[PDB]
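Undergrad: I'd like to ask some things about the structure below.
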Amino acid sequence: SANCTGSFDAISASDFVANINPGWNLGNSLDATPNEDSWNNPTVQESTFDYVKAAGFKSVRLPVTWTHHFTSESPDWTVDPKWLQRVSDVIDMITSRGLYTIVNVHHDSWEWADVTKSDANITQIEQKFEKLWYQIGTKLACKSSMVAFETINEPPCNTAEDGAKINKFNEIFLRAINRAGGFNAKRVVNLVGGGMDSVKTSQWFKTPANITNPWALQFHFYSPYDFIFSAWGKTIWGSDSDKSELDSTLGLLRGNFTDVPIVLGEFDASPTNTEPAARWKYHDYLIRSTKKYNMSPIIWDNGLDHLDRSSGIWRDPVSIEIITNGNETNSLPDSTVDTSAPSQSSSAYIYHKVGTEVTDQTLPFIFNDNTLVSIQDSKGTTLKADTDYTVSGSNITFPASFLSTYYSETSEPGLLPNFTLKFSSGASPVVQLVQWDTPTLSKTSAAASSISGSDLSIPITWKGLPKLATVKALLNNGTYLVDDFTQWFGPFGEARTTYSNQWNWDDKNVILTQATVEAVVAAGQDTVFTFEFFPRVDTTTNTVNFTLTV
Ligand SMILES: *[C@@H]1O[C@H](CO)[C@@H](O[C@@H]2O[C@H](CO)[C@@H](O[C@@H]3O[C@H](CO[C@H]4O[C@H](CO[C@H]5O[C@H](CO)[C@@H](O)[C@H](O)[C@@H]5O)[C@@H](O)[C@H](O[C@H]5O[C@H](CO)[C@@H](O)[C@H](O)[C@@H]5O)[C@@H]4O)[C@@H](O)[C@H](O[C@H]4O[C@H](CO[C@H]5O[C@H](CO)[C@@H](O)[C@H](O)[C@@H]5O)[C@@H](O)[C@H](O)[C@@H]4O[C@H]4O[C@H](CO)[C@@H](O)[C@H](O)[C@@H]4O[C@H]4O[C@H](CO)[C@@H](O)[C@H](O)[C@@H]4O)[C@@H]3O)[C@H](O)[C@H]2NC(C)=O)[C@H](O)[C@H]1NC(C)=O
Ligand SMILES: *[C@@H]1O[C@H](CO)[C@@H](O[C@@H]2O[C@H](CO)[C@@H](O[C@@H]3O[C@H](CO[C@H]4O[C@H](CO)[C@@H](O)[C@H](O)[C@@H]4O)[C@@H](O)[C@H](O[C@H]4O[C@H](CO)[C@@H](O)[C@H](O)[C@@H]4O[C@H]4O[C@H](CO)[C@@H](O)[C@H](O)[C@@H]4O[C@H]4O[C@H](CO)[C@@H](O)[C@H](O)[C@@H]4O)[C@@H]3O)[C@H](O)[C@H]2NC(C)=O)[C@H](O)[C@H]1NC(C)=O
Ligand SMILES: OC[C@H]1O[C@@H](O[C@H]2[C@@H](OC[C@H]3O[C@@H](O[C@H]4[C@H](O)[C@@H](O)[C@H](O)O[C@@H]4CO)[C@H](O)[C@@H](O)[C@@H]3O[C@@H]3O[C@H](CO[C@H]4OC[C@@H](O)[C@H](O)[C@H]4O)[C@@H](O[C@@H]4O[C@H](CO[C@H]5OC[C@@H](O)[C@H](O)[C@H]5O)[C@@H](O)[C@H](O)[C@H]4O)[C@H](O)[C@H]3O)OC[C@@H](O)[C@@H]2O)[C@H](O)[C@@H](O)[C@H]1O
Ligand SMILES: *[C@@H]1O[C@H](CO)[C@@H](O[C@@H]2O[C@H](CO)[C@@H](O[C@@H]3O[C@H](CO)[C@@H](O)[C@H](O)[C@@H]3O)[C@H](O)[C@H]2NC(C)=O)[C@H](O)[C@H]1NC(C)=O
Ligand SMILES: *[C@@H]1O[C@H](CO)[C@@H](O)[C@H](O)[C@H]1NC(C)=O
Ligand SMILES: *[C@@H]1O[C@H](CO)[C@@H](O)[C@H](O)[C@H]1NC(C)=O
Ligand SMILES: *[C@@H]1O[C@H](CO)[C@@H](O)[C@H](O)[C@H]1NC(C)=O
Ligand SMILES: *[C@@H]1O[C@H](CO)[C@@H](O)[C@H](O)[C@H]1NC(C)=O
Ligand SMILES: OC[C@H]1O[C@@H](O)[C@H](O)[C@@H](O)[C@@H]1O
Ligand SMILES: *[C@H]1O[C@H](CO)[C@@H](O)[C@H](O)[C@@H]1O
Ligand SMILES: [Mg+2]
């Protein structure tokens with residue numbers, strides 16, 4: 001149908017997948033609802049993609065939510081021509097800077113295309129979905145080979161019967177875009193399995209019979225759930241069994257798709273909620289695994305996770321170096337990975353409590369055969385080797401005389417300068433000086449029936465790192481408020497609750513969600529909430545209690 005005037009440099013799906021490594025998501029933008037500035041990001045501007053290219057990414061994934069841009073319903077399901085034009089212009093912002101693109105159908109997946117809901121009209125879902133990709137395929141028919149199409153984001157899928165419906169999603173998609181013509185018959189596509197989960201995909205994905213597009217599989221990876229989602233008090237990552245769990249997940253997917261190009265379309269241990277040493281060990285090992293199993297990774301970034309689009313600053317430059325220079329071996333700060341350990345340490349920090357003396361701090365590092373070249377603080381000062389710090393094996397020691405030029409027994413708590421360590425190769429990790437103390441809350445108790453309706457914001461005086469580590473929740477009689485099974489999760493996991501589901505924080509508050517409050521009212525029992533902070537030196541010192549009464 002569509003007729004393109006120029007030429008099209010055909011590329012195989014293997015080469016496309018090889019050429020996009022690594023990618024970066026334009027998250028919470030064209031996927032935001034109803035408009036691209038409806039969530040946390042402003043209107044997309046082109047300089048964003050300059051920062052992305054400058055950082056070493058070779059591609060951008062471009063999630064688009066179409067739900068709120070239809071100007072007619074059945075049977076045409078016309079998409080707003082201004083929206084199609086906005087998607088097309090932003091793709092042109094990406095490609096014109098030499099970056100590959102992958103554009104999809106995003107939150108439509110659960111907003112209207114959910115086949116697991118008991119009332120879903122599968123006929124209407126299939127018809128609207130065909131019409132949608134016919135229109136996107138028409139608008140984007142003449143894009144270069146650097147533009148690929150992804151079926152649909154994480155489609156909900158619980159059973160084999162649902163898995164057959166996700167396969168049909170891939171088939172309806174291929175038929176629509178080939179019918180739209182232009183260059184689409186030779187365009188690289190990304191096909192999807194249930195939830196974009198490695199296991200559901202392995203179980204139920206079937207290659208569309210007689211497919212003729214060059215095609216790659218895409219999945220998403222947010223495992224392990226406890227670390228990545230900050231659930232049940234998990235604040236560490238890197239044991240031998242954590243590594244084997246991760247390598248097993250990627251290898252069993254590759255094992256089911258031996259000769260198929262595989263895109264890892266989203267992953268992120270976000271700097272917002274995860275501990276940095278565990279975060280950098282996780283990203284390092286994930287990148288190592290994607291190279292082992294020949295997968296191209298694309299990091300998720302919602303605008304607040306990594307790149308600050310208004311300044312070009314990446315909030316976590318160590319992860320970006322790890323993801324963008326995959327042929328280099330990284331020296332990393334060590335950290336506690338033992339879930340039975342009664343104390344948690346991290347070499348991404350130099351911690352010092354208010355009211356304690358200044359002492360030498362030895363930080364164990366994983367050198368990985370790199371040597372340390374230099375250390376420079378965030379004011380520009382290069383540290384004097386063998387005076388401001390000394391190296392012994394994997395240890396880096398900072399003498400008390402040097403550390404006391406940054407803090408004292410009585411200095412104010414908060415974030416101090418950090419140290420950037422330059423090694424022979426690989427990422428340059430960051431050690432963060434934190435002067436900490438036990439935080440205080442404006443309220444120590446409250447009646448459940450007086451704070452109700454909404455989330456409970458409790459104003460807090462942060463003393464050190466302005467981040468919450470987890471929240472313990474115990475009923476008065478000793479029963480856990482939620483999730484019994486955390487009794488098997490060690491001193492720092494027993495009775496702990498989950499980020500966003502149960503607890504949250506902001507600049508001025510710690511937060512207990514409305515569902516946490518309603519869970520106390522239902523239990524009918526006073527519940528003690530122990531807010532816990534970094535360093536997790538033990539289970540009690542660096543914590544503060546709030547009691548919800550009944
Ligand atoms: C936020 O709020 C929370 C909740 O309110 C606060 O946590 C609470 O902190 C307090 C204070 O620290 C804890 O009290 C201590 O608890 C000890 C018993 O704990 C164990 O049992 C309880 C009770 O279980 C009942 O309920 C459960 C429900 O399921 C049932 O299963 C069970 O059958 C019972 O019915 C459990 O709740 C508790 O579990 C917690 O901890 C475990 C880990 O251990 C976790 O896994 C759980 O999730 C849970 O968190 C646990 O199993 C008890 O030993 C202890 O009594 C001693 O200490 C008192 C205080 O001593 C300090 O202060 C003194 C100054 O006055 C100093 O002298 C002292 O050295 C110390 O600094 C003493 O007053 C008391 O006499 C006891 O002293 C004895 O032991 C000391 C230590 O060994 C010695 O120094 C003493 O000399 C003395 O030893 C002598 O006597 C003993 C006994 O006779 C002999 O054994 C010994 O040989 C010797 O002769 C104290 O009561 C409380 O447990 C805890 N609650 C919870 C739910 O966590 C939290 O602090 C707060 N945080 C903040 C920051 O504000
Ligand atoms: C080691 O230590 C050093 C300390 O020396 C650490 O360096 C600091 O790192 C910070 C985090 O990376 C960084 O903070 C950012 O600064 C930006 C401003 O930078 C420029 O100005 C300052 C002077 O003020 C200069 O110093 C600096 O060099 C630059 O010139 C801000 O742009 C950033 O704010 C955004 O992020 C924070 C969270 O990180 C948000 O709270 C904040 O609201 C901003 O995010 C909004 O805006 C973006 C759009 O850009 C949206 O995508 C996002 O959703 C948010 O949107 C809301 O708000 C907008 C309004 O803007 C609205 O449109 C929208 O609807 C939403 O409501 C950020 O604050 C420090 O500058 C940096 N300091 C220095 C000296 O370098 C370093 O991290 C340490 N390293 C490690 C590894 O620990
Ligand atoms: O990590 C994938 C991997 O997980 C294995 O399962 C292990 C993992 O379980 C996570 C789930 O735990 C449930 O709690 C269970 C617990 O697992 C049991 O141990 C215990 O006995 O019972 C507990 C409860 O009875 C939690 O209830 C679940 O919430 C959790 O799954 C995660 O759910 C969140 C949020 O889900 C919401 O919607 C549905 C509903 O279930 C839930 O209540 C709601 O809050 C998901 O967040 C979404 O994440 C996507 C991105 O993730 C996508 O990308 C890659 C795929 O792997 C994902 O499947 C896919 O969803 C994001 O875009 C959305 O915005 C978020 O809403 C998480 O994705 C879910 O992981 O941890 C502990 C262990 O016990 C389990 O064995 C599983 O077996 C593997 O096959 C593999 O899938
Ligand atoms: C292709 O992918 C499938 C789906 O992931 C892989 O099959 C799965 O293999 C794992 C590990 O071999 C099985 O888990 C094990 O199961 C038993 C009880 O279920 C337990 O003793 C073990 O601790 C472990 O959890 C899993 O059940 C199995 N699933 C299915 C449907 O067979 C398969 O291995 C992959 N194929 C290749 C060639 O990589
Ligand atoms: C389901 O969708 C089809 C196609 O739009 C329509 O003909 C049918 O009436 C719908 N079913 C119901 C119960 O609304
Ligand atoms: C695929 O192509 C063959 C022709 O070689 C055709 O006979 C067959 O029906 C097609 N498969 C399906 C599942 O329609
Ligand atoms: C490294 O530090 C630990 C803890 O201080 C110490 O026990 C160990 O002997 C040190 N190792 C070397 C090689 O200096
Ligand atoms: C504690 O109270 C809860 C809620 O009131 C109840 O379900 C549970 O059985 C009680 N357990 C004990 C040990 O008292
Ligand atoms: O926090 C930024 C945004 O995140 C999204 O995941 C939520 O759905 C939005 O409601 C929220 O504004
Ligand atoms: C954190 O934990 C480790 C041991 O796990 C210590 O070496 C460190 O000093 C801190 O207590
Ligand atoms: Mg998402």
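As shown in the structure tokens, the chain order sets the letters A, B, ...; within each chain, residues go from 1, and ligands are also counted from 1 in the order they appear.
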Please, which residues have at least one atom within 6 Å of an atom of ligand 4, using only C-alpha atoms and all ligand atoms, listed as a list in words?
TA: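 What falls inside 6 Å of ligand 4 is residues 199, 202, 203, 252, 253, 255 and 256 of chain A.
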Undergrad: Go ahead and write the selection's residues with N, CA, C and O atoms as a short mmCIF file (atom, residue, chain, number, x, y, z; two decimals), in the first residue's frame.
TA:
data_model
loop_
_atom_site.label_atom_id
_atom_site.label_comp_id
_atom_site.auth_asym_id
_atom_site.auth_seq_id
_atom_site.Cartn_x
_atom_site.Cartn_y
_atom_site.Cartn_z
N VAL A 199 10.19 -17.33 31.51
CA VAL A 199 9.62 -18.66 31.68
C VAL A 199 8.34 -18.80 30.85
O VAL A 199 8.20 -19.74 30.05
N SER A 202 9.32 -19.10 27.24
CA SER A 202 9.83 -20.43 26.95
C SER A 202 8.71 -21.46 26.88
O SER A 202 8.72 -22.35 26.02
N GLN A 203 7.72 -21.35 27.77
CA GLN A 203 6.67 -22.36 27.80
C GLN A 203 5.76 -22.28 26.58
O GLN A 203 5.43 -23.31 25.98
N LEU A 252 18.19 -20.66 30.55
CA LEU A 252 17.07 -21.52 30.18
C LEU A 252 16.21 -20.88 29.10
O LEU A 252 15.59 -21.59 28.30
N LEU A 253 16.17 -19.54 29.05
CA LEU A 253 15.54 -18.86 27.92
C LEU A 253 16.34 -19.08 26.64
O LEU A 253 15.80 -19.57 25.64
N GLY A 255 18.34 -21.42 26.17
CA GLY A 255 18.26 -22.85 25.89
C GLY A 255 17.02 -23.24 25.10
O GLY A 255 17.02 -24.24 24.38
N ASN A 256 15.95 -22.47 25.23
CA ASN A 256 14.71 -22.72 24.49
C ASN A 256 14.68 -22.04 23.12
O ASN A 256 13.76 -22.30 22.34
#
Undergrad: Could you find all residues in stretch 257-433 of chain A that DSSP calls strand (DSSP E) from the backbone, and write them as a ChimeraX atom specification?
TA: /A:262-266,295-299,332-333,349-353,361-366,372-377,390-392,395-398,414-423,430-433
Undergrad: Work out how far apart atom CA of residue A:281 and atom CA of residue A:338 are and give it in Å to one decimal.
TA: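 Atom-to-atom, atom CA of residue A:281 to atom CA of residue A:338, that is 14.2 Å.
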Undergrad: Could you list, as an NGL selection string, all protein and nucleic acid residues with an atom at most 9 Å from ligand 5, counting only C-alpha atoms and all ligand atoms?
TA: :A and (73-75 or 119-128)
Undergrad: Please, could you write that set of residues out with N, CA and C atoms as a PDB file, in the first residue's frame?
TA:
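Wrote it out as result-v5.pdb, contents follow:
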ATOM      1  N   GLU A  73     -13.890   4.817  17.800  1.00  0.00           N
ATOM      2  CA  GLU A  73     -13.912   3.448  18.292  1.00  0.00           C
ATOM      3  C   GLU A  73     -14.171   2.495  17.134  1.00  0.00           C
ATOM      4  N   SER A  74     -14.953   1.451  17.386  1.00  0.00           N
ATOM      5  CA  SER A  74     -15.227   0.457  16.361  1.00  0.00           C
ATOM      6  C   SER A  74     -15.918   1.109  15.164  1.00  0.00           C
ATOM      7  N   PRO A  75     -15.632   0.658  13.934  1.00  0.00           N
ATOM      8  CA  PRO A  75     -14.718  -0.418  13.546  1.00  0.00           C
ATOM      9  C   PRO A  75     -13.376   0.080  13.020  1.00  0.00           C
ATOM     10  N   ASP A 119     -13.989 -10.475  31.549  1.00  0.00           N
ATOM     11  CA  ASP A 119     -15.001  -9.854  30.704  1.00  0.00           C
ATOM     12  C   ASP A 119     -14.445  -9.374  29.369  1.00  0.00           C
ATOM     13  N   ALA A 120     -13.187  -9.685  29.064  1.00  0.00           N
ATOM     14  CA  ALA A 120     -12.556  -9.169  27.857  1.00  0.00           C
ATOM     15  C   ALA A 120     -13.275  -9.658  26.604  1.00  0.00           C
ATOM     16  N   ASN A 121     -13.391  -8.766  25.624  1.00  0.00           N
ATOM     17  CA  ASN A 121     -13.974  -9.073  24.318  1.00  0.00           C
ATOM     18  C   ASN A 121     -12.795  -9.341  23.391  1.00  0.00           C
ATOM     19  N   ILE A 122     -12.453 -10.623  23.227  1.00  0.00           N
ATOM     20  CA  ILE A 122     -11.244 -10.972  22.485  1.00  0.00           C
ATOM     21  C   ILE A 122     -11.373 -10.568  21.026  1.00  0.00           C
ATOM     22  N   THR A 123     -12.589 -10.623  20.482  1.00  0.00           N
ATOM     23  CA  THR A 123     -12.812 -10.195  19.107  1.00  0.00           C
ATOM     24  C   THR A 123     -12.505  -8.711  18.943  1.00  0.00           C
ATOM     25  N   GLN A 124     -13.002  -7.880  19.863  1.00  0.00           N
ATOM     26  CA  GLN A 124     -12.724  -6.451  19.775  1.00  0.00           C
ATOM     27  C   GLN A 124     -11.248  -6.163  20.012  1.00  0.00           C
ATOM     28  N   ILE A 125     -10.620  -6.888  20.943  1.00  0.00           N
ATOM     29  CA  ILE A 125      -9.197  -6.689  21.216  1.00  0.00           C
ATOM     30  C   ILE A 125      -8.368  -6.988  19.970  1.00  0.00           C
ATOM     31  N   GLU A 126      -8.640  -8.126  19.315  1.00  0.00           N
ATOM     32  CA  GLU A 126      -7.941  -8.472  18.074  1.00  0.00           C
ATOM     33  C   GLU A 126      -8.191  -7.451  16.964  1.00  0.00           C
ATOM     34  N   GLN A 127      -9.440  -7.000  16.799  1.00  0.00           N
ATOM     35  CA  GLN A 127      -9.753  -6.059  15.722  1.00  0.00           C
ATOM     36  C   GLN A 127      -9.106  -4.700  15.960  1.00  0.00           C
ATOM     37  N   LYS A 128      -9.219  -4.178  17.184  1.00  0.00           N
ATOM     38  CA  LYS A 128      -8.591  -2.901  17.500  1.00  0.00           C
ATOM     39  C   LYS A 128      -7.079  -2.998  17.350  1.00  0.00           C
TER      40      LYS A 128
END
Undergrad: List as a tab-separated table (two decimals) with N, CA, C and O atoms, in the first residue's frame the protein and nucleic acid residues near residue A:379, meaning an atom at most 9 Å away when only C-alpha atoms are counted, but skip any in the same chain fewer than 3 places from it.
TA:
chain	number	residue	atom	x	y	z
A	376	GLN	N	39.69	10.53	43.35
A	376	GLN	CA	39.40	11.96	43.30
A	376	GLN	C	38.05	12.24	43.94
A	376	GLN	O	37.08	11.54	43.64
A	417	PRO	N	31.10	14.81	50.58
A	417	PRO	CA	31.67	14.47	49.27
A	417	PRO	C	31.78	12.97	49.06
A	417	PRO	O	31.78	12.18	50.02
A	418	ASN	N	31.88	12.55	47.80
A	418	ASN	CA	32.18	11.16	47.48
A	418	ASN	C	33.52	11.06	46.76
A	418	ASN	O	34.09	12.06	46.31
Undergrad: Stretch 187-190 of chain A: which residues within 10 Å, counting only C-alpha atoms, same-chain residues fewer than 2 positions away excluded, as a VMD selection string?
TA: chain A and resid 8 to 17 102 to 104 141 to 152 170 173 to 174 177 to 178 182 to 185 192 212 to 219 261 to 263 265
Undergrad: Which of stretch 52-297 of chain A counts as alpha helix (DSSP H) under DSSP, as a count of residues only please?
TA: 106
Undergrad: Please, which residues in chain A fall within 10 Å of ligand 6 when counting only C-alpha atoms and all ligand atoms, and what is the closest atom pair and distance in Å to one decimal for each, ordered by chain then residue number, as JSON lines?
TA:
{"residue": "A:208", "atom": "CA", "partner": "ligand 6", "partner_atom_place_in_ligand_line": "13 (C)", "distance": 8.0}
{"residue": "A:209", "atom": "CA", "partner": "ligand 6", "partner_atom_place_in_ligand_line": "13 (C)", "distance": 5.1}
{"residue": "A:210", "atom": "CA", "partner": "ligand 6", "partner_atom_place_in_ligand_line": "1 (C)", "distance": 4.9}
{"residue": "A:211", "atom": "CA", "partner": "ligand 6", "partner_atom_place_in_ligand_line": "1 (C)", "distance": 8.6}
Undergrad: Give me the residues within 12 Å of residue A:273 as a PyMOL selection string, counting only C-alpha atoms and dropping any in the same chain fewer than 5 places off.
TA: chain A and resi 226-231+233-236+268+278-279+304-305+465-470+498-500+503-506+533-534
Undergrad: How would you write, as a ChimeraX atom specification, the set of residues no farther than 10 Å from ligand 10 when counting only C-alpha atoms and all ligand atoms?
TA: /A:334-338,341-347,351,361-364,535-538
Undergrad: Neighbours of ligand 1 at 9 Å or closer, counting only C-alpha atoms and all ligand atoms: which residues, as a list in words?
TA: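 Listed by chain and ascending number, the contacts are residues 438, 472, 474, 475, 476, 477, 478, 479, 480, 487, 490, 491, 494, 495, 528, 529, 530, 531, 539, 540, 541, 542, 543, 544, 545, 546 and 547 of chain A.
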Undergrad: Those residues you just picked out, can you put them in a file as a tab-separated table (two decimals), in the first residue's frame with N, CA, C and O atoms?
TA:
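New file again_1.tsv:
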chain	number	residue	atom	x	y	z
A	438	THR	N	20.63	8.25	64.12
A	438	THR	CA	19.28	7.67	64.10
A	438	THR	C	18.26	8.75	63.76
A	438	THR	O	18.21	9.78	64.45
A	472	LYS	N	9.85	-2.82	59.04
A	472	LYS	CA	9.35	-3.99	59.74
A	472	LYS	C	7.95	-3.69	60.25
A	472	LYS	O	7.65	-2.55	60.62
A	474	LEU	N	5.13	-5.60	62.82
A	474	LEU	CA	4.74	-6.67	63.72
A	474	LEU	C	3.46	-6.28	64.45
A	474	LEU	O	3.37	-5.17	64.98
A	475	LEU	N	2.51	-7.19	64.50
A	475	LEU	CA	1.35	-7.01	65.36
A	475	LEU	C	1.77	-7.07	66.82
A	475	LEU	O	2.90	-7.43	67.17
A	476	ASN	N	0.83	-6.71	67.70
A	476	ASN	CA	1.12	-6.67	69.12
A	476	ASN	C	1.36	-8.07	69.69
A	476	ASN	O	2.19	-8.23	70.59
A	477	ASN	N	0.64	-9.09	69.20
A	477	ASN	CA	0.80	-10.44	69.72
A	477	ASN	C	1.97	-11.20	69.10
A	477	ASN	O	2.15	-12.37	69.41
A	478	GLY	N	2.75	-10.57	68.22
A	478	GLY	CA	3.91	-11.19	67.63
A	478	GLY	C	3.73	-11.64	66.19
A	478	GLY	O	4.73	-11.90	65.51
A	479	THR	N	2.49	-11.75	65.70
A	479	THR	CA	2.25	-12.11	64.31
A	479	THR	C	2.71	-11.00	63.37
A	479	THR	O	2.59	-9.81	63.69
A	480	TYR	N	3.24	-11.39	62.21
A	480	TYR	CA	3.60	-10.41	61.19
A	480	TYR	C	2.34	-9.77	60.62
A	480	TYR	O	1.27	-10.39	60.53
A	487	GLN	N	9.64	-15.04	57.71
A	487	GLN	CA	10.32	-15.63	58.86
A	487	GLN	C	11.57	-16.40	58.45
A	487	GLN	O	12.43	-16.67	59.30
A	490	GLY	N	15.96	-14.27	57.39
A	490	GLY	CA	17.10	-13.81	58.14
A	490	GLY	C	16.83	-12.58	58.98
A	490	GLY	O	15.75	-11.98	58.93
A	491	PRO	N	17.85	-12.17	59.75
A	491	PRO	CA	17.67	-11.04	60.69
A	491	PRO	C	17.16	-9.76	60.04
A	491	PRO	O	16.52	-8.95	60.73
A	494	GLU	N	13.05	-10.86	58.23
A	494	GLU	CA	11.88	-11.35	58.96
A	494	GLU	C	10.94	-10.20	59.31
A	494	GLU	O	11.33	-9.21	59.92
A	495	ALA	N	9.68	-10.35	58.89
A	495	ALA	CA	8.58	-9.42	59.14
A	495	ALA	C	8.71	-8.12	58.37
A	495	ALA	O	7.97	-7.17	58.65
A	528	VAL	N	3.44	-2.23	65.40
A	528	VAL	CA	4.65	-1.41	65.45
A	528	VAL	C	5.33	-1.46	64.09
A	528	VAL	O	5.61	-2.55	63.56
A	529	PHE	N	5.62	-0.29	63.54
A	529	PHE	CA	6.35	-0.16	62.29
A	529	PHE	C	7.74	0.35	62.62
A	529	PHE	O	7.89	1.44	63.17
A	530	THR	N	8.76	-0.43	62.27
A	530	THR	CA	10.14	-0.04	62.48
A	530	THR	C	10.71	0.42	61.14
A	530	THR	O	11.03	-0.40	60.28
A	531	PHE	N	10.87	1.72	60.98
A	531	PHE	CA	11.54	2.26	59.81
A	531	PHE	C	13.04	2.02	59.94
A	531	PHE	O	13.63	2.33	60.97
A	539	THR	N	19.76	-4.68	63.61
A	539	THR	CA	18.32	-4.54	63.40
A	539	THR	C	17.67	-3.45	64.25
A	539	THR	O	16.45	-3.27	64.14
A	540	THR	N	18.43	-2.70	65.08
A	540	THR	CA	17.74	-1.80	66.01
A	540	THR	C	18.30	-0.38	66.04
A	540	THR	O	17.52	0.57	66.09
A	541	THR	N	19.63	-0.22	66.04
A	541	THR	CA	20.24	1.09	66.28
A	541	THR	C	19.71	2.15	65.32
A	541	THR	O	19.13	3.16	65.74
A	542	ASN	N	19.93	1.95	64.02
A	542	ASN	CA	19.60	2.97	63.02
A	542	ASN	C	18.18	2.77	62.51
A	542	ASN	O	17.93	2.60	61.33
A	543	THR	N	17.23	2.75	63.45
A	543	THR	CA	15.82	2.58	63.12
A	543	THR	C	15.00	3.50	64.01
A	543	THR	O	15.49	4.01	65.01
A	544	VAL	N	13.73	3.69	63.65
A	544	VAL	CA	12.81	4.47	64.47
A	544	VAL	C	11.42	3.87	64.35
A	544	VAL	O	11.00	3.47	63.26
A	545	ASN	N	10.73	3.79	65.48
A	545	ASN	CA	9.44	3.13	65.57
A	545	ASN	C	8.29	4.10	65.38
A	545	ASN	O	8.31	5.22	65.90
A	546	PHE	N	7.25	3.64	64.69
A	546	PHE	CA	5.94	4.27	64.68
A	546	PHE	C	4.89	3.21	64.96
A	546	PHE	O	4.89	2.15	64.32
A	547	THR	N	3.99	3.49	65.90
A	547	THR	CA	2.94	2.55	66.28
A	547	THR	C	1.58	3.03	65.79
A	547	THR	O	1.17	4.16	66.08
Undergrad: Residues within 9 Å of ligand 3 should be enumerated using only C-alpha atoms and all ligand atoms and returned as a ChimeraX atom specification.
TA: /A:153-156,194-200,219-226,228-229,231,249,266-267,483-486,501
